[PDB]
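Sharing a structure with you now.
Chain IDs A, B, C, D, E, F, G, H, I, J and K follow the sequence of writing; residue 1 opens each chain.
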Amino acid sequence: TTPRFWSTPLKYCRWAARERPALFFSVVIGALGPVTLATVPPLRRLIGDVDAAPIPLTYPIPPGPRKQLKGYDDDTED
Amino acid sequence: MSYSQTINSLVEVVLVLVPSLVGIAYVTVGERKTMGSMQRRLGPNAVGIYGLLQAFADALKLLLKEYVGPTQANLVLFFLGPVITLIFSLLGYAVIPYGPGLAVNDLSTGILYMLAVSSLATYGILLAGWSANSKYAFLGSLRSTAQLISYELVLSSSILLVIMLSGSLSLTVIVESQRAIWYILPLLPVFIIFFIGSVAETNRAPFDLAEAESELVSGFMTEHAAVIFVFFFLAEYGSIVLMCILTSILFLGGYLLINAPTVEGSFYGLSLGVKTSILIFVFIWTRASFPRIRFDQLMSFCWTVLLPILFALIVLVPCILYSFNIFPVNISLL
Amino acid sequence: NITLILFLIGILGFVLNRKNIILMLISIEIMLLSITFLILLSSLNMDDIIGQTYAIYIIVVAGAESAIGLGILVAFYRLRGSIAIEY
Amino acid sequence: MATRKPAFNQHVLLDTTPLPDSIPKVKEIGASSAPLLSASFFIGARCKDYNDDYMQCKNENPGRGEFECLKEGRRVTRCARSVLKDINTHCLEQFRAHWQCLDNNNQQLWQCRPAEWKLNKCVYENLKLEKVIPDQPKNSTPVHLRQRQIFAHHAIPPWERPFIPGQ
Amino acid sequence: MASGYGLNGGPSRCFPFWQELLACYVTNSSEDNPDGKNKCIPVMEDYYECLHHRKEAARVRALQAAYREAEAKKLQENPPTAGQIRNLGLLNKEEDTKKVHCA
Amino acid sequence: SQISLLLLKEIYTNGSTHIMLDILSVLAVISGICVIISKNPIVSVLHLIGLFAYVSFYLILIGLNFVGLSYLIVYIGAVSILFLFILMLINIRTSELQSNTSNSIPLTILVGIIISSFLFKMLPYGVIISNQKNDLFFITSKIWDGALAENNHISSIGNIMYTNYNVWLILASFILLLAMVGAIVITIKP
Amino acid sequence: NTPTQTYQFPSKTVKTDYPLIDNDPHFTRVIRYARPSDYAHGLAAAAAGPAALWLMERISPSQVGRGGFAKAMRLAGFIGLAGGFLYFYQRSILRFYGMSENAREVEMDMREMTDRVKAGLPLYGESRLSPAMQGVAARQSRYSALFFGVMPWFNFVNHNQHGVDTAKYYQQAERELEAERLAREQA
Amino acid sequence: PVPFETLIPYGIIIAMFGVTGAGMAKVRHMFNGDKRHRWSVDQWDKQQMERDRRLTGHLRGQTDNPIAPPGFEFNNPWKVXXXXX
Amino acid sequence: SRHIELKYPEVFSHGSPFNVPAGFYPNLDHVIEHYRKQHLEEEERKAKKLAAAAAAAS
Amino acid sequence: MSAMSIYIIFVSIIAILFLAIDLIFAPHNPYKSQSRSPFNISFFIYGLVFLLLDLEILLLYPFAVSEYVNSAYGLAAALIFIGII
Amino acid sequence: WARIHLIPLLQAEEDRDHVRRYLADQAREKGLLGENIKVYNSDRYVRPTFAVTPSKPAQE
């Protein structure tokens, strides 16, 4: 009486929603993970929702040679 | 600092532990009165004014009753289980923040501390049933241990979803992170599952086979006399209050509301209390409203309904967080 | 140093025990905890989070193997009805 | 001494031996955490080059950066000291308002925005030092210039406005 | 240790010693000169010193002996007390600072 | 001259007492000894849980809070509960399990001296510097560039265990999968 | 536009026959440099799985119940598709590694990367990952297709650690930027 | 009607939480020197408090002074321990 | 062979990028140069084997 | 003395007082083979699946406190790990 | 970023303390043992793990 998935895929899906709701919708929620991983970030780019840059978690050492500053030397003390 | 550290720790411990036990005593009085109003009756109204001394009468009666231990199996082992259950049921109050950082121990691993001390409390129940030297009561205490560990999995799976939102195990940070929104709205299915798990975790109805006397094989807690009954009962009410406090912390914004230090502290304490009291009321409300689930059905509910949904939510939620660039920072903030 | 003494206790479990096969399972748990405790303390001395990671996988694997060992004992006991060695 | 977090310290060890005379002296900064924090972006505005140079000096001499970067260490202390001297001579009342609020609010910068906006304005109008945070999302208002704060314990009144220079 | 990831989320404290040792081996050992790996020997000993500290322990045991032998020969007429030291370098305790410094 | 080195007690921000490690160490050994000389196996596992707690408490007090709590949750919370369930369901005659331990005592001494004398020589200084007049004190100071944003030990583990060392995680996952399938296949009627 | 550092990281040098193109090419590069034979080999290997199970049912019948064989074929067909796809990927990626004849792939890579240099785009593209996490991705999938018989892995990250000194791409770009400059003038 | 006597224990429970909150806030504030306390204290925060004590004597003490008093360069606490490294 | 050749030379790129003290990481430029040389020789050794043999010779 | 140490002592003290009262003041009188049967395998399964699933949840807790640095790459491995279990 | 701006001024103060106390332990060693014991063959500065401490704490 229970439908078979590989012969009639859609009929099985309706039965599982109605007769095994906890198992069926776990698979549906579990599959929404990958679905939003494919839809939203492309969607967000189009609307202009840009990703924030990472915050610094270490001292941000400036790239390049040292600037050769002249100021606040020892003669400036006192 | 200003005064002695030992004095501060004494006072802070006394301020959390002593009023906690007063609240646990009146949760038992409130349970009887709430079920009575629901049952068209009064509940305790004669032991003390308005029945306000009923729990103290109960405790003193049991503490002066004679204990009937087993057939000299062991003195230490017999009390060992009850002692463990009470101590570790009460140890979890030490990380509850009654305001930002207003906890006995403001711990960065606080959520894991609460999980650990709950796991150590299940030992006392199992070590009691064995020590009773009655194979009938052992099976009930065994079934009760199976239910407690299975729904411990439900609670720690639900809690993992909250940590993903806040990025921290500090109870304070979890509460501060809800100034944005109480987690009951974004994590509404999780809150419902967590509350159900907390009822099962406390051997409370409709999950109350441990104390059920009408069920033929149930009622492991029903053979506990005098001091041993006091140990187990205090531990259970203590866990009920703590599961309601932790539920408010994780989903109802903790101590958050809807200039003087004394009044700010009072309002934070009151807001946490109001939220905790509401969940205690619901906790009593479900015991009065439902019949009891069979052991085989309650294990099937955990393992074939709640856990498959939670593990599905464990996939979906971080995918949503990544997709919306809302993975929180894990540094000390808030 | 304590970790070394604990390894001896797990070792000594196999020396003193002729008939308790359950004690053999427990003595392996003692040995594995002793080795994990040694790694944890050394990882603290050498400021290395990899030591803590290694200890976490030992806890995972030793927990996994405890379950297999109990399952194997249950299949054994289903047919024999005893965990005692006649000696 | 080691950078390990202690767990069983019961004692403190001090050493009264001074630095050798060959090393030029320097007055250490005498400001507490909360004042330093209210003045951090101001120090960053004026001394960023010297701060970067000092850090780059150490990176150029791995394992030896404590020594042979001392002269560059001394500059960073003098520049920061110039900002805490200039602020204390021009914005003292507004400076004390912000760092006293910060010290009372878990040193959380988002709890003291009205006091910050008052100081930010006064500092800019006497020292030409302006607060800047690199790489804030261009599609939103900068978090420190937002009229409402989500994580603030007390709501920011609507008569206290952010300081945007040029307005 | 050698991993490069410390307890506080930063790098491990002996990692620079480990990188140096690997740097010395890769650039001084080869197929042509198997004796070039000899140069990497003091670098190895430094790495083991960072991990275990057996030399630094040995040096301080000796130095504490001489230090604690010099304090017995001398007589401390008035050594600073704990309270006064706690006042060292403070806004209104110059006398305690001067007394502790013997200035 | 003067006293160049000043040693004084810390008042606040003090720190834990190193005495409490010694009780935890001795309580772990006593509990360890009680495991292998206990008459009843269930009592042997109860002493094993005490051994787990003392080690866990030890790890917590030295600052290894995550792993210490992991021991409480994992080993006491689930492994030990599984051991007691099986032990307290099976038929055990304590008489059938008692070996004459006196016959094993000379070998016990010989094994203890032989093994200890070899492995102790292998312990690095970190584990042997403060066990068994002139004593050595450990010195600690602050850094600022390293303390910009501290991670807790659980965070520091999380930063690498899914990325740099995720092969270990995959290997562990397949071990957990084998255990679930295996333990099920051999116990339950198909 | 030369960054004066065309070899930023210490790579592993492996003795092979043909020049190394990329120690870790992007998934999409390995699909776009696939040959028609790679597809031919891909499905043919994928068909082998269910075909072998089918031949094992025709010669030595399994005596299974009514629907057992269809269930087994479904798993065999998926096994062959996974196995066939990994074989297709290995055949294309082995040419990037220099472990298979790759003259056609060397040419189009030299062309493709040179166009990016003069267009201004980065050689391997832009990544949402931190530079440290790009190193982790590079050190995970680097030469990883040689382990495909045990564990699969694919590079979906846009990192700058491809095992190759990148001076060759800048010399050509500069060299043919002047050729278009001289041609433009002579007009 | 409303059964108020049934609601009295809830009022007691709610009031006990308030007593703990108010009491813990007050004693912590007196301990901190009449100022609000700290929370989510990380290593940077702890180090800043030790630096505050070696300027004022109090772990919560504040000073806006641009010049450190004499002896500040000498009172950085190196912590000593006997076992756990 | 007495000389050990690293199977994982990329271990020179290991290390936490968080909470890095100034001057912590040693300079590795010579290490990088060592592997640039090893890569370039190998690429040149293949460049001549196929240009001289199997091409312009058969 | 840390507030956590005093808390543990006080909770232990409460338990001893309750035992002491009922041991000292409550009455006490001297008011004080076995068959066997097979046990149910479902009890072993509940403990086994709990333990193995308890370990996997434990292994995901570091990810929840490291989500920001892990970002997309660490999420992939977490999802691979979740899919396998 | 607030902590970043403060790091060099706090690091430089800690660096002078380490230099101060390292030179002092060097001078003490030479005046007590006659020469400086070499712990590391490298010339880099290594933060001490042990420290010579007086046999007794402060009296008060």
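The definition used in the following text is that contacts are C-beta pairs under 8 Å (C-beta built on N, C-alpha and C of every residue); 3 or more make two chains touch, one makes a residue touch a chain.
Just so we're on the same page, UniProt names per chain: A = NADH-ubiquinone oxidoreductase 9.5 kDa subunit; B = NADH-ubiquinone oxidoreductase chain 1; C = NADH-ubiquinone oxidoreductase chain 4L; D = NADH-ubiquinone oxidoreductase; F = NADH-ubiquinone oxidoreductase chain 6; G = NADH-ubiquinone oxidoreductase-like protein.
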If we define chain centres by averaging CA atoms, which chain lands farthest from chain I? Would you check?
B
Between D-K and G-J, name the chain pair that shares the greater number of C-beta pairs in contact.
D-K
So what's the Cα centroid distance for chain A and chain J, whole Å?
33
Inter-centroid spacing, chain J versus chain C (mean Cα positions, whole Å):
20
What's the distance between the Cα centroids of chain H and chain I, rounded to whole Å?
54
State, to the nearest whole Å, the distance from the C-alpha centre of chain C to the C-alpha centre of chain I.
44
Could you list which residues of chain H touch at least two other chains?
36-40, 42-45, 49, 51, 55-56, 59-60, 63, 65, 68-69, 72-85
List, in ascending order, every residue of chain A touching at least 2 other chains.
33, 49, 51-52, 56-59, 61
Would you please write down the residue numbers of chain K that are in contact with two or more other chains?
1, 3-4, 6-7, 10-11, 14, 16-18, 20-21, 24, 28, 42, 44, 46-54, 57-58
Quick check: in the complex, which residue numbers of chain H touch chain K?
44, 51, 73, 76, 78, 80, 85
Under the touch definition given earlier, write down the residues of chain C that touch chain F in their complex.
1-9, 11-13, 15-20, 22-23, 25-27, 29-30, 33, 37-38, 40-42, 44-46, 49-50, 52-53, 55-57, 59-61, 63-68, 70-75, 77-78, 81-84, 87
For the chain A and chain G complex, residues of the former touching the latter:
6, 51, 54
Touching chain J in the complex, chain B uses residues 5-6, 8-10, 12-14, 16-17, 63-72, 79, 83, 86-87, 90-91, 94, 104-105, 112, 135, 142, 146, 149-150, 152-153, 156-157, 160, 163-164, 167-169, 226-227, 230-231, 299, 303, 307, 311, 314-315, 318-319, 321-322, 327-330
As the complex stands, chain F meets chain K at residues 3-9, 136-139, 141-145, 148-149
